[PDB]
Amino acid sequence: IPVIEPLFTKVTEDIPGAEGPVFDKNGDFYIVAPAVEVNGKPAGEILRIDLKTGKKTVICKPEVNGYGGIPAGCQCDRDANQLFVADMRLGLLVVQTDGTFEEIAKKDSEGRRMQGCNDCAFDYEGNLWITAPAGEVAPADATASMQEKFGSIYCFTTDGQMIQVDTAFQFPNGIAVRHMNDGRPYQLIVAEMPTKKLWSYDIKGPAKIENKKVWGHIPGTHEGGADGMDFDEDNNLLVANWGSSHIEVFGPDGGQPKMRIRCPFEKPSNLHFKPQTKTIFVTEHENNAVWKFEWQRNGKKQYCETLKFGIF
């Protein structure tokens, strides 16, 4: 399998569990620090990063009724200046870039308590697909599906429905949506980390997925596996393979990686393209820092880069 070794540039450091890299509508860059603890208790942070100097600014340190959050994944909203954040202890949060947040739901559409979330991906219709590898959200005792298969997948619809679309995953982590050129979402890809598998489903509509199947194989027997993911403009899927020192590159048909990107670190956790560029920012857990490198092409547009009214 061909391997490329692009030059990586250090962006910022000292971000415990560095994750959820994202750009908002204004081009500001943010990352989350899920591993931050205070007195041994969860105290995760959402940070804004100065791309020029690496300066970090805490925009939110979410906590609900005495329980600190573990923000782990992010998605930019197209119609407002807010971030949708997958939180391992609090579930799904909507964070205002100015310093406030709201808990989207304490229970799903079936009245069950929410499970802690890890990452999420907006499809072009505004629906949010979320991975939830953790057990019930706080105040329930923390637990993870690294061994047991109780991790779930949710879809928070544009009409406010928090639907659990599937479950029984062994630590679902990264997630992505493939779209047709007319903007129609038609495939959901879910990473099941420890099993070294990428799963796919045909998307038939909001919160409607079918034809589940194993779509791709993540190289290695190391502890870890597929973490965060994103598509480039040619719909190649780039996947951080935590513990492998590489970011895997899958073609539109999945299977085995078509190429691998060697990283100057062993634990890439996530990645995100800078809008209108080939620059990819990567978060990693070896040094708890953020880096950047140049890919072969621009990234697939994120939901907040799309046209609300279409092409005039």
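A residue's number is simply how far along the shown sequence it sits, counting from 1.
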With reference to the PDB entry, specify whether the mean Cα temperature factor is higher for 44-52 or for 263-271. 44-52
Looking only at CA atoms, which has the higher mean B factor in the entry: 300-308 or 286-294? 300-308
Could you tell me which one of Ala140, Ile203, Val165, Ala176 shows the highest CA temperature factor in the PDB record? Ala140
Among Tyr154, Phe84, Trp215, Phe101 - the residue whose C-alpha B-factor is largest in the record: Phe101
Using the B-factor values recorded in the entry, state whether the Cα atom of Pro62 falls in the lowest, middle or highest third among the modelled residues of its chain. middle
State the tercile, meaning the lowest, middle or highest third, of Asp123 with respect to the CA B-factors recorded for its chain. middle
B-factor third for the C-alpha atom of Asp253 within its chain: highest
Relative to the other modelled residues of the same chain, rank the CA B-factor of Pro185 and answer lowest, middle or highest third. middle
Ranked by Cα temperature factor within the chain, is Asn236 in the lowest third, the middle third or the highest third? lowest
